[PDB]
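Participant: Just so it is clear, I am handing over entry33.json, which has JSON, C-alpha atoms.
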```json
[["chain", "number", "residue", "atom", "x", "y", "z"],
["A", 87, "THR", "CA", 34.97, 113.93, -57.12],
["A", 88, "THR", "CA", 35.43, 117.57, -58.10],
["A", 89, "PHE", "CA", 35.43, 120.72, -55.96],
["A", 90, "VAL", "CA", 34.52, 124.36, -56.61],
["A", 91, "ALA", "CA", 36.09, 127.66, -55.55],
["A", 92, "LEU", "CA", 34.10, 129.98, -53.29],
["A", 93, "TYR", "CA", 36.29, 133.12, -53.36],
["A", 94, "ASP", "CA", 39.23, 134.70, -55.17],
["A", 95, "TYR", "CA", 42.75, 133.84, -54.03],
["A", 96, "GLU", "CA", 46.18, 135.11, -55.09],
["A", 97, "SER", "CA", 49.32, 132.99, -54.90],
["A", 98, "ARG", "CA", 51.61, 133.92, -52.00],
["A", 99, "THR", "CA", 54.30, 131.24, -52.44],
["A", 100, "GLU", "CA", 55.83, 129.50, -55.47],
["A", 101, "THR", "CA", 53.91, 126.24, -54.89],
["A", 102, "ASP", "CA", 50.33, 127.47, -54.34],
["A", 103, "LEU", "CA", 47.60, 128.16, -56.90],
["A", 104, "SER", "CA", 45.76, 131.35, -57.80],
["A", 105, "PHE", "CA", 42.09, 130.98, -58.64],
["A", 106, "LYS", "CA", 38.92, 133.01, -59.08],
["A", 107, "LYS", "CA", 35.54, 132.47, -57.43],
["A", 108, "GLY", "CA", 33.52, 129.82, -59.25],
["A", 109, "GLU", "CA", 36.58, 127.99, -60.58],
["A", 110, "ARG", "CA", 36.01, 124.24, -60.61],
["A", 111, "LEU", "CA", 38.99, 122.48, -59.03],
["A", 112, "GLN", "CA", 40.05, 118.84, -58.76],
["A", 113, "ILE", "CA", 41.40, 117.79, -55.36],
["A", 114, "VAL", "CA", 44.20, 115.34, -56.22],
["A", 115, "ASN", "CA", 45.67, 115.00, -52.71],
["A", 116, "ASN", "CA", 43.96, 115.89, -49.42],
["A", 117, "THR", "CA", 46.43, 114.21, -47.03],
["A", 118, "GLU", "CA", 47.27, 117.69, -45.66],
["A", 119, "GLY", "CA", 45.21, 119.34, -42.94],
["A", 120, "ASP", "CA", 45.37, 122.96, -44.16],
["A", 121, "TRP", "CA", 46.64, 123.24, -47.76],
["A", 122, "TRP", "CA", 45.50, 120.72, -50.38],
["A", 123, "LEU", "CA", 47.02, 120.03, -53.79],
["A", 124, "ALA", "CA", 44.46, 120.84, -56.47],
["A", 125, "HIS", "CA", 44.26, 120.87, -60.26],
["A", 126, "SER", "CA", 42.18, 123.65, -61.81],
["A", 127, "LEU", "CA", 39.82, 122.17, -64.39],
["A", 128, "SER", "CA", 39.47, 125.48, -66.27],
["A", 129, "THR", "CA", 43.02, 126.92, -66.38],
["A", 130, "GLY", "CA", 44.86, 123.59, -66.14],
["A", 131, "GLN", "CA", 47.13, 124.87, -63.36],
["A", 132, "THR", "CA", 48.21, 122.72, -60.41],
["A", 133, "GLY", "CA", 49.10, 124.09, -57.00],
["A", 134, "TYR", "CA", 48.30, 124.15, -53.31],
["A", 135, "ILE", "CA", 44.98, 125.76, -52.37],
["A", 136, "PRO", "CA", 43.63, 126.70, -48.91],
["A", 137, "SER", "CA", 41.04, 124.08, -48.00],
["A", 138, "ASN", "CA", 38.66, 126.66, -46.50],
["A", 139, "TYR", "CA", 38.26, 128.43, -49.87],
["A", 140, "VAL", "CA", 36.57, 125.42, -51.52],
["A", 141, "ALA", "CA", 33.61, 123.11, -50.96],
["A", 142, "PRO", "CA", 32.42, 119.86, -52.58],
["A", 143, "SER", "CA", 30.54, 120.19, -55.85],
["A", 144, "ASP", "CA", 26.74, 120.01, -55.51],
["A", 145, "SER", "CA", 26.99, 120.46, -51.73],
["A", 146, "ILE", "CA", 25.06, 122.96, -49.61],
["A", 147, "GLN", "CA", 28.11, 125.08, -48.74],
["A", 148, "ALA", "CA", 29.12, 125.31, -52.43],
["A", 149, "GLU", "CA", 26.14, 127.47, -53.42],
["A", 150, "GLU", "CA", 26.71, 131.16, -54.07],
["A", 151, "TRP", "CA", 23.77, 132.24, -51.87],
["A", 152, "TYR", "CA", 24.70, 130.09, -48.85],
["A", 153, "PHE", "CA", 26.42, 132.26, -46.24],
["A", 154, "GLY", "CA", 26.74, 129.83, -43.32],
["A", 155, "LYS", "CA", 26.57, 130.96, -39.69],
["A", 156, "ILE", "CA", 26.09, 134.68, -40.36],
["A", 157, "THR", "CA", 24.02, 136.43, -37.70],
["A", 158, "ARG", "CA", 20.72, 138.20, -38.34],
["A", 159, "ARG", "CA", 22.30, 141.58, -37.58],
["A", 160, "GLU", "CA", 25.13, 140.91, -40.04],
["A", 161, "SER", "CA", 22.74, 139.42, -42.62],
["A", 162, "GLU", "CA", 20.68, 142.62, -42.90],
["A", 163, "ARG", "CA", 23.85, 144.67, -43.43],
["A", 164, "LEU", "CA", 24.61, 142.92, -46.73],
["A", 165, "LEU", "CA", 21.02, 143.07, -48.01],
["A", 166, "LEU", "CA", 20.44, 146.72, -47.05],
["A", 167, "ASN", "CA", 23.01, 147.81, -49.66],
["A", 168, "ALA", "CA", 21.70, 150.43, -52.08],
["A", 169, "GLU", "CA", 22.97, 148.42, -55.07],
["A", 170, "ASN", "CA", 20.85, 145.40, -54.12],
["A", 171, "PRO", "CA", 17.48, 145.44, -55.93],
["A", 172, "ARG", "CA", 14.27, 144.13, -54.38],
["A", 173, "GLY", "CA", 14.65, 140.38, -53.93],
["A", 174, "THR", "CA", 18.32, 140.21, -52.92],
["A", 175, "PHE", "CA", 18.51, 137.17, -50.66],
["A", 176, "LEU", "CA", 20.79, 134.78, -48.80],
["A", 177, "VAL", "CA", 20.39, 131.57, -46.78],
["A", 178, "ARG", "CA", 21.85, 131.45, -43.27],
["A", 179, "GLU", "CA", 21.89, 128.96, -40.41],
["A", 180, "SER", "CA", 19.12, 129.50, -37.88],
["A", 181, "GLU", "CA", 20.77, 130.73, -34.68],
["A", 182, "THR", "CA", 17.66, 129.89, -32.65],
["A", 183, "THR", "CA", 17.17, 126.29, -33.85],
["A", 184, "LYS", "CA", 20.15, 124.07, -34.64],
["A", 185, "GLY", "CA", 19.87, 122.23, -37.95],
["A", 186, "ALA", "CA", 17.36, 124.77, -39.31],
["A", 187, "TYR", "CA", 17.92, 127.69, -41.66],
["A", 188, "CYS", "CA", 16.64, 131.23, -42.19],
["A", 189, "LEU", "CA", 16.00, 132.96, -45.53],
["A", 190, "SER", "CA", 16.75, 136.70, -45.46],
["A", 191, "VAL", "CA", 15.45, 138.73, -48.41],
["A", 192, "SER", "CA", 15.43, 142.47, -49.11],
["A", 193, "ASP", "CA", 12.00, 144.06, -49.54],
["A", 194, "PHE", "CA", 10.50, 147.51, -50.20],
["A", 195, "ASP", "CA", 7.20, 148.18, -48.42],
["A", 196, "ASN", "CA", 5.48, 151.45, -49.31],
["A", 197, "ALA", "CA", 4.61, 151.88, -45.61],
["A", 198, "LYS", "CA", 7.97, 151.04, -43.99],
["A", 199, "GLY", "CA", 10.34, 151.78, -46.86],
["A", 200, "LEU", "CA", 13.33, 149.54, -47.49],
["A", 201, "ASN", "CA", 13.32, 146.52, -45.16],
["A", 202, "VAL", "CA", 14.52, 142.92, -44.83],
["A", 203, "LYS", "CA", 12.16, 139.94, -44.62],
["A", 204, "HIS", "CA", 13.37, 136.89, -42.67],
["A", 205, "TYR", "CA", 11.71, 133.51, -43.28],
["A", 206, "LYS", "CA", 12.76, 130.56, -41.11],
["A", 207, "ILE", "CA", 13.09, 127.26, -42.99],
["A", 208, "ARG", "CA", 12.17, 124.20, -40.92],
["A", 209, "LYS", "CA", 13.84, 120.79, -41.30],
["A", 210, "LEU", "CA", 11.55, 117.77, -41.37],
["A", 211, "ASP", "CA", 12.47, 114.59, -39.52],
["A", 212, "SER", "CA", 12.56, 112.85, -42.91],
["A", 213, "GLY", "CA", 15.13, 115.42, -44.04],
["A", 214, "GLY", "CA", 12.84, 117.82, -45.91],
["A", 215, "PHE", "CA", 12.72, 121.61, -45.88],
["A", 216, "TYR", "CA", 9.68, 123.88, -46.00],
["A", 217, "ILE", "CA", 8.51, 127.40, -45.25],
["A", 218, "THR", "CA", 4.79, 126.62, -45.51],
["A", 219, "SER", "CA", 3.11, 123.22, -45.26],
["A", 220, "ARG", "CA", 1.66, 123.68, -48.76],
["A", 221, "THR", "CA", 5.05, 123.13, -50.42],
["A", 222, "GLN", "CA", 7.88, 121.01, -49.06],
["A", 223, "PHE", "CA", 11.37, 120.50, -50.42],
["A", 224, "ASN", "CA", 14.21, 118.00, -50.14],
["A", 225, "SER", "CA", 17.17, 120.40, -50.42],
["A", 226, "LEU", "CA", 17.79, 124.13, -50.06],
["A", 227, "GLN", "CA", 19.12, 124.55, -53.62],
["A", 228, "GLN", "CA", 15.87, 123.47, -55.26],
["A", 229, "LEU", "CA", 13.90, 125.50, -52.71],
["A", 230, "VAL", "CA", 15.62, 128.65, -53.99],
["A", 231, "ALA", "CA", 14.89, 127.70, -57.61],
["A", 232, "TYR", "CA", 11.17, 127.69, -56.77],
["A", 233, "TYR", "CA", 10.93, 130.97, -54.88],
["A", 234, "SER", "CA", 13.11, 132.55, -57.56],
["A", 235, "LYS", "CA", 10.52, 131.90, -60.28],
["A", 236, "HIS", "CA", 7.37, 132.81, -58.32],
["A", 237, "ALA", "CA", 6.85, 134.50, -54.96],
["A", 238, "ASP", "CA", 4.19, 132.06, -53.67],
["A", 239, "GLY", "CA", 3.80, 133.25, -50.08],
["A", 240, "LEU", "CA", 6.86, 135.51, -50.08],
["A", 241, "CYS", "CA", 6.56, 139.28, -50.32],
["A", 242, "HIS", "CA", 8.69, 139.14, -53.48],
["A", 243, "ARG", "CA", 10.32, 136.56, -55.71],
["A", 244, "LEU", "CA", 13.97, 135.66, -55.17],
["A", 245, "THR", "CA", 16.07, 137.61, -57.65],
["A", 246, "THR", "CA", 19.64, 138.72, -56.95],
["A", 247, "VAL", "CA", 22.16, 136.72, -54.94],
["A", 333, "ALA", "CA", 23.76, 138.84, -52.22],
["A", 334, "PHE", "CA", 27.20, 139.89, -53.49],
["A", 335, "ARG", "CA", 30.02, 141.59, -51.56],
["A", 336, "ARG", "CA", 30.98, 138.71, -49.28],
["A", 337, "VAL", "CA", 34.34, 139.18, -47.57],
["A", 338, "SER", "CA", 36.94, 136.53, -48.37],
["A", 339, "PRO", "CA", 37.91, 134.49, -45.30],
["A", 340, "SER", "CA", 41.36, 134.54, -43.75],
["A", 341, "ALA", "CA", 43.80, 132.12, -45.36],
["A", 342, "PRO", "CA", 45.15, 129.63, -42.79],
["A", 343, "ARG", "CA", 48.88, 129.47, -42.15],
["A", 344, "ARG", "CA", 51.01, 126.32, -42.26]]
```
Please express the file's structure as structure tokens.
Facilitator:
Amino acid sequence: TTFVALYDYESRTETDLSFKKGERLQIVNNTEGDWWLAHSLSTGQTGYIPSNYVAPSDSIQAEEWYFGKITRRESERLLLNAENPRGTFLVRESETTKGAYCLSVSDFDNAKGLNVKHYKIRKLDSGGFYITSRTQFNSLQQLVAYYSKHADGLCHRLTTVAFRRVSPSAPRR
């Protein structure tokens, strides 16, 4: 029944709540379309939070490496950062196939230099995800936990989560 914060937010009014990314919140009243009343489980503060800054706990949008409907052009811009080591990755929605996802990872080939590898993740009719038929998965979170321990078909193992994600615009009310 808990939620989790996706970004950092600073209080603008006297009735809203300031919170940092990763803060676990408790939605106590969601009878409001834009701003919900939440109780921070870590700092103990209560206040109104923007509903777009949070996502349900153990959901797909709540993961730090899930970036949503970011385009391929915009996905390479985050991974091509010089700070990102080899293996910096993110999971985006497949713009070609609805319901599918793409995995964009940063890679260093000695022949092409720094580059970005894109692997499309296919959704089974049963609800499963896979990149190759040799290994199938049920959810994207556990898929990342595999390819983060061993490469296994990928040019490199998943390492760093892509940081530097702009905070979305707070909705007015």
Participant: Can you pull out the residues contacting residue 343 of chain A? Cut-off 12 Å, using all atoms listed in the file, and skip same-chain residues under 5 positions away; I want them as a PDB file with C-alpha atoms, in the frame of the given file.
Facilitator:
```pdb
ATOM      1  CA  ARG A  98      51.610 133.920 -52.000  1.00  0.00           C
ATOM      2  CA  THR A  99      54.300 131.240 -52.440  1.00  0.00           C
ATOM      3  CA  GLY A 119      45.210 119.340 -42.940  1.00  0.00           C
ATOM      4  CA  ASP A 120      45.370 122.960 -44.160  1.00  0.00           C
ATOM      5  CA  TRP A 121      46.640 123.240 -47.760  1.00  0.00           C
ATOM      6  CA  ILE A 135      44.980 125.760 -52.370  1.00  0.00           C
ATOM      7  CA  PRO A 136      43.630 126.700 -48.910  1.00  0.00           C
ATOM      8  CA  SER A 137      41.040 124.080 -48.000  1.00  0.00           C
ATOM      9  CA  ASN A 138      38.660 126.660 -46.500  1.00  0.00           C
TER      10      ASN A 138
END
```
Participant: Quick one: residues within 7 Å of segment 235-334 of chain A, only C-alpha atoms counted, chain neighbours fewer than 6 positions away excluded, as a list in words?
Facilitator: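 Listed by chain and then number, they are residues 151, 164, 165, 173, 174, 175 and 176 of chain A.
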Participant: Separation of atom CA of residue 132 of chain A and atom CA of residue 112 of chain A, in Å?
Facilitator: 9.2 Å
Participant: For a test of reading the model, state the distance in Å between atom CA of residue 145 of chain A and atom CA of residue 337 of chain A, rounded to one decimal.
Facilitator: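 According to the coordinates, atom CA of residue 145 of chain A and atom CA of residue 337 of chain A are separated by 20.5 Å.
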Participant: Point out the residue among A:223, A:232, A:187, A:134 with the least atom-to-atom distance to residue 208 of chain A, counting only C-alpha atoms.
Facilitator: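 When distances to residue 208 of chain A are compared using only C-alpha atoms, the smallest one comes from A:187.
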Participant: Can you sort out segment 185-198 of chain A so it carries N, CA and C atoms, written as a short mmCIF file (atom, residue, chain, number, x, y, z; two decimals), in the coordinates of the input?
Facilitator:
```
data_model
loop_
_atom_site.label_atom_id
_atom_site.label_comp_id
_atom_site.auth_asym_id
_atom_site.auth_seq_id
_atom_site.Cartn_x
_atom_site.Cartn_y
_atom_site.Cartn_z
N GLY A 185 20.31 123.03 -36.83
CA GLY A 185 19.87 122.23 -37.95
C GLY A 185 18.87 122.89 -38.87
N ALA A 186 18.29 124.02 -38.47
CA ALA A 186 17.36 124.77 -39.31
C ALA A 186 18.07 125.93 -39.98
N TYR A 187 17.35 126.60 -40.88
CA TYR A 187 17.92 127.69 -41.66
C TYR A 187 16.91 128.83 -41.76
N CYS A 188 17.44 130.03 -41.98
CA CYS A 188 16.64 131.23 -42.19
C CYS A 188 16.93 131.81 -43.57
N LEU A 189 15.89 132.33 -44.21
CA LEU A 189 16.00 132.96 -45.53
C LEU A 189 15.77 134.45 -45.35
N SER A 190 16.80 135.25 -45.62
CA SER A 190 16.75 136.70 -45.46
C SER A 190 16.72 137.35 -46.84
N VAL A 191 15.64 138.08 -47.12
CA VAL A 191 15.45 138.73 -48.41
C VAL A 191 15.22 140.22 -48.19
N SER A 192 15.65 141.03 -49.15
CA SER A 192 15.43 142.47 -49.11
C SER A 192 14.08 142.80 -49.74
N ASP A 193 13.34 143.72 -49.10
CA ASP A 193 12.00 144.06 -49.54
C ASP A 193 11.77 145.56 -49.38
N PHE A 194 10.89 146.10 -50.22
CA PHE A 194 10.50 147.51 -50.20
C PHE A 194 9.00 147.61 -49.97
N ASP A 195 8.60 147.91 -48.74
CA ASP A 195 7.20 148.18 -48.42
C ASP A 195 6.92 149.67 -48.50
N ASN A 196 5.82 150.04 -49.17
CA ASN A 196 5.48 151.45 -49.31
C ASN A 196 5.16 152.11 -47.98
N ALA A 197 4.91 151.33 -46.93
CA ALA A 197 4.61 151.88 -45.61
C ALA A 197 5.83 151.97 -44.71
N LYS A 198 6.77 151.03 -44.81
CA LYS A 198 7.97 151.04 -43.99
C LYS A 198 9.22 151.41 -44.76
#
```
